[PDB]
Number of protein chains: 4
Amino acid sequence: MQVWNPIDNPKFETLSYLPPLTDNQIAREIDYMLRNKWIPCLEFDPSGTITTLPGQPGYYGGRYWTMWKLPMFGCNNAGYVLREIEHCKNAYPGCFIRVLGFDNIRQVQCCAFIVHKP
Amino acid sequence: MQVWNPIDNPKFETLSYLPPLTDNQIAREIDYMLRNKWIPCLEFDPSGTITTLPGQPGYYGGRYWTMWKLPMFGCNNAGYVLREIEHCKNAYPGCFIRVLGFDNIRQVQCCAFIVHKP
Amino acid sequence: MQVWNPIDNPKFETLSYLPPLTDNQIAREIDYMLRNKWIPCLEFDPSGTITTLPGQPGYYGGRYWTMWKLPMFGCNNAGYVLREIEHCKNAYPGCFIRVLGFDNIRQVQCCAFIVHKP
Amino acid sequence: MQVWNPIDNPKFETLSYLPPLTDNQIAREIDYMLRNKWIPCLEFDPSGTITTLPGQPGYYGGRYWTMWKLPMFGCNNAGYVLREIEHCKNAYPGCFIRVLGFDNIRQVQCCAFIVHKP
């Protein structure tokens with residue numbers, strides 16, 4: 001038998017139970033997004049913690065992050081999206097970074113995963 | 001006359017007012033448990049503190065600890081229970097350890113005492 | 001003109017606005033108490049801070065301190081009360097000390113002043 | 001494009017988005033106040049932070065500061081107002097300083113800006 005470690009083991013949602021992500025594994029999750037006609041975006045924030053309220057159901061703190069520049073309307077290659085992750089990690093090297101994807105027909109997001117840790 | 005010291009004197013419930021526990025005194029409290037047909041178990045946790053809530057009677061925080069592997073269904077000797085307290089204190093040497101006992105006819109616990117301090 | 005200093009200037013109630021208290025000034029406030037037939041006592045506590053509650057009038061925290069040994073029933077000289085302030089300040093040298101006085105006809109206190117600071 | 005910095009960038013209200021204020025720019029904002037017949041004043045405080053309350057609209061903490069000596073009733077030159085900012089910054093060199101101006105016909109304030117930072 002074995003015991004799961006309960007001390008200082010935080011998780012970060014989707015694809016967080018697999019071995020660490022490498023290049024040529026991130027470039028394939030963007031090709032699958034572009035051939036379905038979706039729009040990428042970027043985000044960053046220093047601390048990923050959440051809070052609550054005394055007696056209000058459905059309320060939590062810490063769900064909004066800062067948008068890098070603007071959504072990329074009309075991108076067709078996976079190069080301009082891979083060259084913008086380096087400018088962001090050289091100006092704010094002490095924060096987290098996330099990648100999103102939008103859909104306008106149904107008005108909902110489609111992807112979210114982390115690519116950098118402080 | 002004499003004065004009880006009120007500064008930095010925490011207590012830990014049952015058998016916490018007697019001189020410190022030694023071996024050949026822990027092995028006798030497990031013999032008395034096995035001849036009444038009860039099931040041992042183990043637990044651990046870093047901090048033993050409790051909290052409250054504004055206006056909810058009968059609610060407190062800090063009453064659940066983590067379970068080591070599983071309850072021992074069918075133990076008959078006090079050696080296998082005394083050899084499992086050493087594996088636990090070499091993997092997590094900075095936590096508390098407690099020993100419990102179970103009854104399945106009345107569905108309640110019967111014993112609880114501490115055997116290690118950080 | 002002059003300005004009262006608003007930074008780090010705590011006060012401690014009665015007789016706290018006069019020059020610092022000396023001996024041959026504490027012994028005279030006990031003679032006045034004994035000739036009116038009152039009973040002395042002692043107290044101590046580490047921190048003199050108070051708190052409140054959200055919506056409960058007339059409730060505050062931090063009004064109870066610890067009693068030294070027992071009220072002195074039958075004291076008639078100001079020597080046994082002046083020899084008990086030295087045993088207390090040699091066992092707990094990092095706490096405050098207060099002196100009280102009781103009345104058993106109207107069931108109220110009569111005086112309270114501080115004689116030691118950490 | 002460019003990105004506004006969201007980390008450690010506090011603001012201080014009016015005239016806080018301009019280049020830093022210099023002399024001969026502070027003396028010209030007091031001449032405009034005196035020729036409209038208003039009364040100057042001074043204030044100081046260590047920390048400019050605000051708080052809230054659970055469910056009370058229109059309530060905030062941290063809006064009152066300490067008054068230096070008294071309002072100047074009858075000032076006619078901008079010298080006595082510029083010589084009182086040096087006595088205040090030599091007695092409390094670790095606090096903020098703010099300048100006000102009153103009106104008695106309509107009973108409201110008219111000006112507010114910072115002139116010193118710790």
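Per the PDB record, the structure was determined using cryo-EM to 3.0 Å resolution.

Moving on, we get to the overall build of chain A. Tallying secondary structure elements over chain A gives two helices and five strands in all. In chain A, the order of α-helices and β-strands from amino to carboxyl end is α-β-β-α-β-β-β. Per-residue burial over chain A gives 25% buried out of 118 residues. Across chain A, contacts joining residues at least 24 apart in sequence account for 54% of those joining residues at least 6 apart. Carbon and sulfur atoms make up 54% of the accessible area of chain A, which totals about 9100 Å². Within chain A, the 10 negative side-chain charges are centred at a point lying 4 Å from the centre of the 11 positive side-chain charges.

B:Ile26, B:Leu42, B:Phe44, B:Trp68, B:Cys88, B:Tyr92, B:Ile97, B:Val99 and B:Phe113 form the largest nonpolar core, which has nine residues in total. The set of elements that each furnish at least two residues to this core consists of strand 1 (39-45) and strand 3 (96-103) of chain B. Residues within four places of B:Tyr92 in sequence aside, it is in contact with A:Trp4, A:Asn5, A:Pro6, B:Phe44 and B:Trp68. In terms of nonpolar packing, the next biggest core, distinct from the first, is built from seven residues, D:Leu42, D:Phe44, D:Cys88 and D:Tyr92 among them.

On to the relation of the copies chain D and chain C, then. Mapping chain D onto chain C calls for a rotation angle of 90° and an axial translation of 0.0 Å; the resulting RMSD is 0.1 Å. On this basis, the relationship between the two copies can be described by a four-fold rotation axis. Identified as the residue of chain D closest to the rotation axis by C-alpha distance is D:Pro54, at 6.7 Å.

Residues and elements named next belong to chain B. When you tally the buried positions in strand 3, you get six out of eight residues, the bulk of the element. Two elements, strand 1 and strand 3, share seven bridges in a ladder whose sense is antiparallel. By the bridge assignment, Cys-41 is partnered in strand 3 with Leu-100. Both strand 3 and strand 4 (residues 108-116) contribute to a ladder of six bridges, which runs antiparallel. Paired with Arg-98 across the bridge in strand 4 is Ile-114. Connecting the antiparallel pair strand 3 and strand 4 is a turn made up of four residues, with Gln-107 showing a positive phi of about 60°.

Before going further, it helps to examine the interface of chain A and chain B. In this assembly, six residues from chain A lie in contact with six residues from chain B. The interface formed by chain A and chain B holds zero salt bridges in total. Looking at side-chain class alone, the side of chain A that touches chain B contains five nonpolar, one polar and no charged residues.

So, on to helix 1 (residues 27-34) of chain C. Among all positions of helix 1 of chain C, only C:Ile30, C:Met33 and C:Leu34 are buried. End-on, the buried residues of helix 1 of chain C take up no more than an arc of 90°, which puts them together on one face.

Contacts between the two partners involve five residues from chain D, matched on the other side by six residues from chain C. Taken together, both faces of the contact between chain D and chain C bury some 520 Å²; the carbon and sulfur share is 78%. For chain D, the biggest contributors to the area lost against chain C are D:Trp68, D:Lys69 and D:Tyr92; these three give 64% of the whole. In this structure, the connection of chain D to chain C is made through zero salt bridges. Run the count over chain D and chain C and you get one residue pair in polar contact. Of the residues contributing to the side of chain D that touches chain C, the split by class is four nonpolar, no polar and one charged.

With that out of the way, let us pick up the arrangement of the chains. Among four pairs of chains with at least one contact, chains A and B form the most extensive contact set. With no contact formed, the shortest span from any C-alpha in chain A to any C-alpha in chain C equals 13 Å. Across the gap from chain B to chain D, with no contact made, the nearest C-alpha atoms are 13 Å apart.

All names here are of chain B. The tally for this structure, following the rule as stated, stands at four salt bridges over all chains. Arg-98 is paired through a salt bridge with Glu-43; the nearest N and O atoms lie 2.8 Å apart. With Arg-98 in strand 3 and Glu-43 in strand 1, the pair connects residues that are 55 residues apart, well separated along the chain. Classification of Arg-98 as partly exposed rests on a relative accessible area of 23%.

Now for the side chain of B:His116. For B:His116, the position within the fold is in strand 4. Look past the residues within four positions of B:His116 in its chain and what remains in contact with it is B:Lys89, B:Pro93, B:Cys95, B:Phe96 and B:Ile97.

A few words now on the packing of aromatic side chains. Summed over all chains, the structure comprises 12 aromatic pairs over all chains. Between A:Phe44 and A:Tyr92 the ring centres are 5.2 Å apart and the planes differ by 20°, which places this aromatic pair in the stacked class. You can see A:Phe44 sitting in strand 1 (residues 39-45) and its partner A:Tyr92 sitting in the loop between helix 2 (84-91) and strand 3 (96-103), a full 48 residues away along the chain. A ring pair is formed by D:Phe12 and D:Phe96, whose centres lie 6.0 Å apart and whose planes are at 40°; its orientation type is tilted. Note that D:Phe12 is positioned in the segment before helix 1 (27-34) and D:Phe96 in strand 3 (residues 96-103), a separation of 84 residues in sequence. Of the aromatic side chains, those joined through ring pairs into one cluster are A:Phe44, A:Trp68 and A:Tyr92. Above the ring of B:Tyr80, the side-chain terminus of B:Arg83 is found at 5.4 Å from the ring centroid.

Reading the values: rules and limits
Residues numbered from 1 in each chain as written, not as in the entry; some residues may be left out. Chains lettered and ligands numbered in written order. Part of a larger assembly, values for the part shown. Heavy atoms only, no water. Helix = DSSP H or I, 4+ residues; strand = E, 2+ residues; numbered from the N terminus. Buried < 20%, exposed > 50% of the residue type's maximum accessible area, 1.4 Å probe, protein only. Contact = heavy atoms within 4.5 Å. Areas by Shrake-Rupley, 256 points an atom, 1.4 Å probe, with all protein chains shown as cover. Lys, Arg positive; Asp, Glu negative; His and termini not counted. Charge placed at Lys NZ, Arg CZ, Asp CG, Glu CD. Core = buried A, V, L, I, M, F, W, Y, C linked by side-chain atoms within 4.5 Å. Least-squares fit on C-alpha atoms. Pairing = 2+ DSSP bridges. Salt bridge = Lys/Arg side-chain N within 4 Å of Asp/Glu carboxyl O. Nonpolar A, V, L, I, M, F, W, Y, C, P; charged D, E, K, R; others polar. Arc of directions from axis to C-beta. Buried area = accessible area lost by both parts, 1.4 Å probe. Polar contact = N/O pair within 3.5 Å; in protein donor to acceptor, adjacent residues only side chain to side chain. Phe/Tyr/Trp six-rings, centres within 6.5 Å; stacked < 30°, edge-to-face > 60°. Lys NZ or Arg CZ within 6 Å of the ring centre and 35° of its normal.

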